[PDB]
Structure formats: structure tokens, C-alpha cells
Amino acid sequence: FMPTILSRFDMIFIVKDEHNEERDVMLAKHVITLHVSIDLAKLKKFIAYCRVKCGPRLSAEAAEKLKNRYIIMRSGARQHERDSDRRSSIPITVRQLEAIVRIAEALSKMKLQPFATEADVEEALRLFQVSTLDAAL
Amino acid sequence: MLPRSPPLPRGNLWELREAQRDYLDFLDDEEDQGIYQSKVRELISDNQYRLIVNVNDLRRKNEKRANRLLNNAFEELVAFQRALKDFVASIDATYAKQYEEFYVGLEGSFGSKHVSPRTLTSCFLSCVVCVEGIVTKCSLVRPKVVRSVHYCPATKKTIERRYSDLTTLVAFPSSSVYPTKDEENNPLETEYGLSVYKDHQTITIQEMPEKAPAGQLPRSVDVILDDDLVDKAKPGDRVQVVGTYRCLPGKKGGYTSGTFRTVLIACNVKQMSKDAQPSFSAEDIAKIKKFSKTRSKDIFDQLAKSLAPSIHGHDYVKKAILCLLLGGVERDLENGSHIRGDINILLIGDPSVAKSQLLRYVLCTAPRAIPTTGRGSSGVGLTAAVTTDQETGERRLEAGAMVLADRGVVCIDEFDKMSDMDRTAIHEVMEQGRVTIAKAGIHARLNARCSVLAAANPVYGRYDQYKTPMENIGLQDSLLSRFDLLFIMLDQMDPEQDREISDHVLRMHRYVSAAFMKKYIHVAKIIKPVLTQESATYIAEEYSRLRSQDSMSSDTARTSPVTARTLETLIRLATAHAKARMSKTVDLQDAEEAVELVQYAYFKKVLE
Amino acid sequence: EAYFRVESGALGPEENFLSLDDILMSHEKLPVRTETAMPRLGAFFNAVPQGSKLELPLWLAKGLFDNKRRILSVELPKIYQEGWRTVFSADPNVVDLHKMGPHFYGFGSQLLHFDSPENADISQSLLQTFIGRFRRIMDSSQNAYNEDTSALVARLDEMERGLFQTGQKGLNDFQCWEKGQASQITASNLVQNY
Amino acid sequence: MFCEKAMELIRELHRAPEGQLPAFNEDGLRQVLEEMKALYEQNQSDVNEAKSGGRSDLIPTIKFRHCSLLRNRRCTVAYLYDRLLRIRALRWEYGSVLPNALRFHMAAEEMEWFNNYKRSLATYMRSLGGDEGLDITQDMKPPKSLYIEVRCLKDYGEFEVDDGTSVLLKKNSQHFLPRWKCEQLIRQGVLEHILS
DNA sequence: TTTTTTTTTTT
Ligand SMILES: Nc1ncnc2c1ncn2[C@@H]1O[C@H](COP(=O)(O)OP(=O)(O)O)[C@@H](O)[C@H]1O
């Protein structure tokens, strides 16, 4: 997998398999949940109206939040790649920044909130700190 | 959205004696404002058959006739076209005989008649309708007789014959027997020079895709163009035909099935989409001649700054892309030679430097631009490929991409994921300007005078800033000479630039004139400046200084070889820089604007 | 049956004060061109030039208007322009007066308090559109019984839906008397909660 | 422009055209009184400032603010008045006493308006005739016959007959009573007129 | 509007 087809996305989750015996109790539960054989039927008809009625953009403060988050995300990748340069890595790019913005939009669309704020930018940034460190590992 | 008028109503500002004597009174038109007596004369000065009428006027003039005309279209249009010849004889009887019969189109706003081929039921039989939709085939234009002129070599007389078929407004099936002995005594002989034929086509409108209920195969309808309406529609358009609806019966062997075939005898055609921008206002041309005179120093730079505001940095690249959007001057000598007048740009650099963005903008700005990739494009699918037909089964030459885009732009992104056997198919169509094909049963030469804008990711994934510019690009020194401008969009990790870049993109995510560059370049394209000996001795020197390695520098590598082919790219960039000024004579300030671009695009610096 | 909302006076000289229909009616936007500067308030659109094209609610442009056009002048939307005034004369039974709305006769009768030149030609469009669309509301409302009428009513405005709901309430009330059904005493407003 | 908060009080009552009393909105009402006060002071400042330096060019900025409060007045009396219609109905349809699924949605001062209206109405009613007037609340439909056959639908402690002869009301048990008494209960939801 | 054989362009 090239560092470029990989970079065509924005969020990487290395899914993990748990084989714990309490996890195996969860599995024993799920066994009969199939052996026997907020709802989607309204979730879909909710989305159908949410997507088509909200026009969210960013507020002035989210801008200076993201600028100072992204600049300091860049500012260390230099000393990261200038020494180790292990023939492959993943640095930040403006496409990923635009991905962050369009994620915050979708968060603040859950609430029909026509103006997003710091209410979700940091948690989205931490979600991304997970999603980029996954591909880092 | 409902099209209840051919003129888009939102932004238009920015017995049979009564009918014939009412149409004439309507066509007088003198005493109120003289709207049509200003059009009959207008067409007589252009030698036209038919005139377009607005039924919206017929309403205000006489409602009863306007309603009787939209529901009995045949008996009313045979009386309209009579009381129109009558009214043209009332101006110039000499003209009123040059043409056999006049015609009369229609346009305006019909109430419920604005139908689609899906709604065109059988309650619209013999009723003016206004069908919208896409043309999806055409027929072969063929004559069709409407009168013969015979002659008797024995009796020295001259007999005639009037013809009529089921595709008229009167509909009597005459036989095309071409009488040879009217009376058994004398023999006849036809005279083709004095007879009268007309044209005849048959197209097939089909419902618009985004208007179908998507469950079926969208419905169709058959149109019968005629009498110089003929070639007014090619496959793939969006037309608004305005024609009578008709059913034409038949009988094979004295026994008719009740089933009939219904056609639309068109009497006007309208392309819905406006596909050009020549309709500049006199106020607009005034603005243009102002702006072209205000400052001749800074109009090129001022033009290029406003090119793609959605992008930060890359001033040089915008400058060169503007030069592309203008173009040079194609000189063709007297003996028959030819020298190209286009500029081909190549952009290489690390990912996410807005390359694809520049391409997608140049696509929409210039008219007649074609997009293409580096894997969804074969070496033959770009220029021309041989195939056959399904109806005839004989070979022909389907035009590739770079032949459709003639006098246009071709945007090739990821030009590096294209195999070696595929680039080579371009070396003829990028310089000589025309494609030559000698396949099995095909020997042709197509005109493909176009210009190439290409984007390529460097080898090693990222531009190793230490190797050399020649090892970071895979292209061989034969293809690297065609593209006359090579821009290495190097990405740098200094903390400052990222700050303003983020500022800019985020401002863009919180939302010279844009629609003025269109007119300005569509106007300044035609100008054809001419060199002058003050600069022609400066270029002939900057080149001979470029060609000498010593004068270049040390610790400086060459991106592409300097040949006698960059010499006439200097000349092209120059006479494309004196096209923004609308100058018409290149001066020493031009031949110096276009030398620094080269000095910057040719030589790169290597680090260690 | 006893909740008598305040009706709409949007067709006469001036809208009523407490009518919730006119309140939402006048809120609709309208284009204006300003005649002076707009000091201390250029934040919305600090000062605004003179000769600027702006979009303002109708209620705002009621007091900001004078005969001399002191503060600003007005120009009608295209729905009332000369363009559409011929469309509505071709055949008025075809237009979607809900998209071109949803207050056509209500708005158009308040654009006569701006003493424009073409008033003698707007008050003739309305009259000749309402008369045109009448025999299709008199007959599709007194003759649509136990049907899904949500498609006979998809192209109407608030001045016409109020009549399509009065045709039905008189059809469904004679058809309930003919069938000996309007004798039983029933719960009036509690079946609305149920 | 302005008035985007008041127009969230109205665009809610306009969604309930049946006459069903929604929950009072103290929040938005306070939120619009605040904007009234804000614009009031921020305009009065420049009003008296246009007499203390001659800034008459601010005259527009008065109207744009003078009228832009009248709006916020209209859209807060209409709402406060409309909701006083959907309340009086609950005296001609339900009756003199309401269940607390209703008396829980009225703001605590509308109950005083109610208990005033109800009392004045009961005052007027008893004034018509000599003996305790004529209760015009009942009698909503022309009388058809003299006795009616009802059928209970919920439990109800012990309905009364004028002569002290009570009647228990279990579920699904039908009587034959004079329609002179059953009208109050049929129109609420307790009984039901079966033999139409 | 089907098989089968033979040549040449194309993915
Ligand atoms: N200098 C820049 N100015 C404006 N936008 C930029 C810039 N650099 C990157 N971007 C944004 O980042 C994304 C980069 O994608 P792009 O550069 O098209 O990828 P590629 O370079 O692989 O074609 C685009 O969405 C673009 O809007």
C-alpha cells in the first residue's frame, strides 16, 4: 500500500481483535442473538431532512484554533523526518486540513447548528490524533 | 423548474376567409408600434423564407384567433402562410416571386402545450406543441419534389405537375409517375433545371435524462425538419422544437391496421443552452478599451494576479497559464510551411500543491477544453482509432481526445502514470499539429492544432531535493523539448508559508472581475502583434546567451535542454504578453517580460 | 370549531396587526436601492454607500419609504415583472404558485403601496389570474371525495388553500348528512389529542 | 435583518393550525425583550447625540432602529394574544374544569386570565332569566330525540341523577339516560353515543 | 439476431 493511495483517505483505524474471555463472553452473547433467528427506520428519514436543511460553516474562532493546531502539527514533522527518514512515514497535508473542516461541519450538522464553534473541533482533532497515529504505527 | 417559455422568463432584462383576413390585419402592425413591418423588410434584406412570430402578441391583438391557431394548426397555418405571401407582395412583388412559398415559424408561450416527449399523448393530435429534449440521431439530407416541369419536343408545349404527399399541411397522396406521354401521340421529356425540389431530414428527440422517472427507457419522438431548417441540430444537443403534431396512416395491401405513426412537423428550433460569449455590450467594449489604455505598464501582472484567487503562492505558474490562455500567432509561410502558435505547460511537484486545482480551473475558464488522465487514456484513444459501423459495417476513423479539442485546451493529469508506449503517440500531435494515421484500411490526416497542459508526480514519490532535476523526472530529452515550460512546484516546509496558506484556505472555507477575464481574453485573442527590430535583436541575444553553458552559473543544473525550439517559444511568450496590452507591436518591455520566466523555469539548483 | 384565528387583511388597504399569516407574509425579502449613506449600521450588509442594491424584508421597507424616495427606492421582483406577466396570461392553470410564493396575492397587493408606474398593470394581472384559476378550484374541491387530495393541492397558495379547504368541508358535510351520520354526538377537540 | 428571534415564536404557532395549545416559551420571550432593550438604548444614545454635535446624517439609523422595535412588539403581542384564543376554546369544548395535561402547558399568569374569563361568563349566564338563567354552554347540536343511549368508556366515580339516584359507571356498560345530562360527558370522551 | 475460418486493431 503506497503512502499515496493511503494518503487519499483522511482517517485510518487499525481495527483490533480482542480474544479475551470476557470478550468471549460478549461473543457467547452474540451467538444466541443470531441463533434465535433511535431506530434506523427513523434514523434514515431523519438524515434525509438533516442533510437538506443545514448550511454550516466555520466561525472566526475555529479558524485560529485550527491554524495553531495544524502549524504545530507540521512544526515537528521536520525534525521527525530529517533524522530518522525510515523510507516511509506520513506527514500532514492541507488535504487533511480540509478533511478536518468537513468533519467539523458534519459534527455541527447533527445539531442543525448553522455555525460551528470550539464545541467539537478539539475532539475531532483528537479523533484525528488517533486516526493518523494508527497509520504512523 | 418548468420552461414555460423559449425566452427564459426570469432574467430577460439583464370559412377560411376570416382567418386569412385577420392574419393580414395582424401583419399590418403599422399603426400601433410597427413591430412586424420592421421584420418583413428585415428578412427581405436578408433573403429568408420564414419569419418567427410571437403568439403572445396574437393574444393581445385577438384572443379568438390565438386560441383557434393552437388547436387547429393545419387549417390555420395554411391561411397564415397565404396571407404572408400576400403581405410580402404588398412590399416587393419582384421578391415575392423569387421564392415558391413562404413559411412562418412560431415562438412565445403556449399554455399547456409545453410538453415533453413523455407527456405527448394523443390528445395533442393536430395541435401546436413545443417539445423539449435531446437529439439522439439524424438522417441523411435528401431532396423531395414539390413540382415538375415537362416538355414536348414534338408539340413545343410545356406542361407542369404539382406534387403533394402525406408530409404536407394539405395531405393528398400524389403518385410520382412522371408522365412521359400525356396524350399517346406526343412524347415528353423532363426538365430538371426548371423543377422545384426541397430538403428533408428526420431527427429523433429523446427525453432529458435528469427528467426521466429513472425506472424506464425514456420516451422518444420523431421530427421532420425541412426547407432550410435542415442541419440545425446535431446529435447530443438540447433543442426546443415548436411544430405541429400529426399522425400519418398507411396500408399494405388494402387492409390497414388501426395503428398509426405520429410525427412532429417542426416549424422552429431553439438551442436552449447559450454556448458562447460574443454578445458583449457596447458598454462592455467601452470598459475594455478603457482598461486596455489605463496602464500599459501593469496590465499583465494585474491580469494574472486575479487569475485563480482560490490558490495562494504560484505567481509564476499563474503568469504562464495566462500566457497559455492567450496563445501566440500561427505563421504559415507562402510556400506552404507552418509554424505552431501554442504553448504547452508541464507541472511537476510533491502531492497537494493545487496542481489538479489549476487544471480544473483552466478547464472551466477556456472554451473547448477537454480533460484526460494518465491511466484512463491509451496512446490511440488520445488521437484517433479505427473502427466500423453497425448499420454499414465499413471502417471509419473515430476521433480521439486531442482531435476533438482543436483550437482548444487539453488537460492531462497524472501524465506520468502513462506507459512509455503511450507518450510516443503524442510527439506528432504536439508539435506538427496534425495526426497521421495509416492503419489497415484507413489513410487519413486529421487537424489537431491544440495546446497541452499537463501535470506529473515526480519519481520517488517526492522530489528529493538533492539528486538532480534530471533524475527526478522520468521523461526522456525528446519529450522534454516539446513542453516549452517546465515548472517544478517544489513544496517547502518552512513554518512561515504554512501560516498564510492556512489563513487563505480557511478564509475560503467561511463564505479584476471574475466574469470579465472571460470577455477580455475572448477579445484580446484575435489581435496579432508583429515583432519589431528593437526587441528581435534582444531575443536573438538572450537565446545565444542561454545556449552557452558558461554564462549560466555553477552549482546550477538544467531542467530541460535548450534547443532551437526554445527560441521560438521566446517569440511565442512575447507575442502572447503583448496580447494582454492589446498592443499590436511587441516592444523591448515584452521581450524582457518573457525572458525572466524562462530563466526561472529552465535552471534549477541542487543542494547537499 | 370555536378557535377563530384572526384572519388576513393582506388583500385590502393594510394588513391586520395580530394575524399570524400577514406576519409571516411580510417577512419575505424584496430588493431596494439606497439613496443615502447608512451610517453606524453597515455591519449587516461603518456605513453603506448610496446607490446600492440590498435585500430587505417588506415590513422594513414600509417606513423607510417616502414619496420623494428620501432613503431608498424599490423595484419589483421578477415574478411581478413584465416577463412573467405574459406567462400568467398564456394559461394561468399551469403555474406553481407555491414555489412562486407561498404568498402570491398577499404579497402582490402590498406592492401597491410603493406608487410604482406599472400598478395599473399589476392589479390587472392578479385579477386576471385569480379569475383564470377559478373553474379549477370550484370543481376539484367540490368533487374530490375520500381521495388523496395532497396532489390536487400541491400547486396552490395560502389564499387558495383556504378555499380548497372550504369546498371540502362542505362536501364532506353533506355526504355525512346524506348517510344519516351527522346525528351522532361526538367529541370535538379531544379527538385532536387522540 | 433583525427580528430572527421573534420569528421563532410565530413560526411555531403556525405549525399547529388545529387549535392545540403548545407549551409556553418563556425562553424566547425573554430573549426578545433583551434585544428590545439593547436596541432601545443603543439607539437613544445616538438620538440624544444628534442633538449634541449635529450628526443629523444619523437620522436613517434612527428609523432602521425605531421601526425595528415595533416589529419585535407586534411579534410578541400577537403570540401573546393568539395563545389567549386557543385557551378560551377550552371553556366551550372541555368544560369548566381542565385536566392537568392542559393546566401544565399554560404560563402561570394565563390561569388568572382563565379564572377571570370563566367567572365573568358564569356571571353573565346566570343573568339571562329569572331562575339562574340559561346555561348556554350545553346544547351544541339540534335535539333529535328525547332519550339517548350511551355507553361508558372509562371509569368515573358516581354520576348523579338530579333526584339523588346515582349511577355507577364501569367500563363497557351502556345505559339509557336523558340526553339532557349526557351532553357534558359525551363531548369530553367519557361516554359515547352508540344508538345513533 | 445463431457456426466456423481468417485477418487485423484493441483492451
Ligand atoms: N497553495 C494552496 N492554495 C490553496 N489551496 C491549496 C493549496 N495547497 C493545497 N490546497 C488544497 O489542498 C488540496 C490539495 O489537493 P491537490 O493539490 O489537488 O492534490 P494533487 O496535488 O495531488 O493534485 C486541494 O483541495 C486544495 O484546495
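Chains as they are written, first to last, in the deposited numbering: chain 5, 506 to 542, 554 to 653; chain 3, 1 to 14, 56 to 552, 608 to 704; chain C, 3 to 47, 58 to 206; chain A, 1 to 196.
Ideal placement from N, C-alpha and C gives every residue a C-beta, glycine not left out.
Quick one: what's residue i bridged to in DSSP?
| i | result |
| --- | --- |
| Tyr238 (chain 3) | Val186 (chain 3) |
| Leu88 (chain C) | The partner list for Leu88 (chain C) (beta bridge, DSSP) is empty, contrary to what the question assumes. |
| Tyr147 (chain A) | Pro178 (chain A) |
| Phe77 (chain C) | Its beta-bridge partners do not exist; DSSP assigns none. |
Any heavy atom of ligand 1 within a distance shorter than 7 Å of the CB on residue i?
| i | result |
| --- | --- |
| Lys396 (chain 3) | yes |
| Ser167 (chain 3) | no |
| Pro392 (chain 3) | yes |
| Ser543 (chain 3) | no |
| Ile352 (chain 3) | yes |
| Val500 (chain 3) | no |
| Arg611 (chain 5) | yes |
| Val546 (chain 3) | yes |
| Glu621 (chain 5) | no |
| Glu692 (chain 3) | no |
| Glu537 (chain 3) | no |
| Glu638 (chain 3) | no |
| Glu439 (chain 3) | no |
| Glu614 (chain 5) | yes |
Where do the ends of the alpha helix (DSSP H) carrying residue i lie?
| i | result |
| --- | --- |
| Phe159 (chain A) | From DSSP, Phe159 (chain A) is part of no alpha helix (DSSP H) but of the beta strand (DSSP E) over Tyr156 to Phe159. |
| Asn184 (chain C) | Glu170 to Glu190 |
| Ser397 (chain 3) | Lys396 to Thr406 |
| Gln184 (chain A) | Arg179 to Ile186 |
| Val96 (chain 3) | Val96 to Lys102 |
| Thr161 (chain C) | From DSSP, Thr161 (chain C) is part of no alpha helix (DSSP H); its letter is neither H nor E. |
| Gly164 (chain A) | Per DSSP, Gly164 (chain A) belongs to no alpha helix (DSSP H) and is neither H nor E. |
| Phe562 (chain 5) | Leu556 to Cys566 |
| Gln538 (chain 3) | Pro536 to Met549 |
Could you check where the beta strand (DSSP E) with residue i kicks off and where it finishes?
| i | result |
| --- | --- |
| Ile386 (chain 3) | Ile386 to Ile389 |
| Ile483 (chain 3) | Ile483 to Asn488 |
| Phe699 (chain 3) | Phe699 to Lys701 |
| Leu168 (chain A) | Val167 to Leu169 |
| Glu67 (chain C) | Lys65 to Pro69 |
| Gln595 (chain 5) | Note, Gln595 (chain 5): premise wrong, no beta strand (DSSP E); alpha helix (DSSP H) at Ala576 to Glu597. |
| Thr477 (chain 3) | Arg475 to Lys480 |
| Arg35 (chain C) | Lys31 to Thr36 |
| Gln247 (chain 3) | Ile244 to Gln247 |
| Those runs of the beta strand (DSSP E) which lie wholly inside the region 153-212 of chain 3 and span at least 3 residues | 172-176, 185-190 and 201-203
| request: Just list the beta strand (DSSP E) runs in the region 641-691 of chain 3, keeping only unbroken ones of 3 residues or longer that don't cross its boundaries, in chain order. | output: 652-654
| said: Threshold first: 4 residues or longer. Then list the alpha helix (DSSP H) segments lying entirely within the region 340-366 of chain 3, N to C. | reply: 341-346
| Can you list, in chain order, the residues of the region 512-540 of chain 3 whose Cβ is nearer than 7 Å to any Cβ on chain 5? | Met534, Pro536, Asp539 and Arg540
| request: Note down, one range per segment and in chain order, each alpha helix (DSSP H) of at least 4 residues found wholly within the region 399-465 of chain 3. | output: 442-445 and 461-464
| said: Which runs of the beta strand (DSSP E) at least 3 residues long sit entirely within the region 259-334 of chain 3? Give them in chain order. | reply: List check, beta strand (DSSP E) in window: 261-264, 280-282, 284-289 and 302-307.
| Interface positions of the region 381-405 of chain 3 facing chain 5 (Cβ-Cβ less than 8 Å), listed along the chain | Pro392 and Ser393
| message | Which residues of the region 15-40 of chain A have a Cβ closer than 7 Å to any Cβ of chain C? Give them in chain order. | response | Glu18, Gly19 and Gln20
| request: Determine which residues of the region 87-99 of chain C have a Cβ less than 7 Å from any Cβ of chain 3, and write them out in chain order. | output: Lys90, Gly95, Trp96, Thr98 and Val99
| Can you list, in chain order, the stretches of the alpha helix (DSSP H) that have 4 or more residues and sit fully within the region 489-534 of chain 3? | 520-523
| request: Report the residues of the region 100-122 of chain C with a CB closer than 8 Å to any CB of chain 3, ordered along the chain. | output: Residues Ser101, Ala102, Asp103, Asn105, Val106, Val107 and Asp108.
| field | Cβ-based contacts, 8 Å cut-off: residues of the region 580-613 of chain 5 near chain 3 | value | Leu582, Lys583, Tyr586, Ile587, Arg590, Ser591, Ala593, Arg594, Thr609, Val610, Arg611 and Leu613
| said: Any C-beta of chain C within less than 9 Å: which residues of the region 203-228 of chain 3 qualify? | reply: none
| Using Cβ-Cβ distances below 8 Å, what residues of the region 59-70 of chain C are close to chain A? | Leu68 and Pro69
| request: Output, in sequence order along the chain, the residues in the region 86-97 of chain A whose CB is closer than 7 Å to any CB in chain C. | output: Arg86, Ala89, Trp92 and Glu93
| query | Going along the region 45-62 of chain A in order, which residues come within less than 7 Å of chain C, judged by CB to CB distance? | reply | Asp46, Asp57, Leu58, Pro60 and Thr61
| query | Which residues, taken in chain order from the region 130-160 of chain 3, show a beta carbon closer than 7 Å to some beta carbon of chain C? | reply | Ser150, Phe151, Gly152 and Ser153
| query | Can you list, in chain order, the residues of the region 617-632 of chain 5 whose Cβ is nearer than 8 Å to any Cβ on chain 3? | reply | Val617
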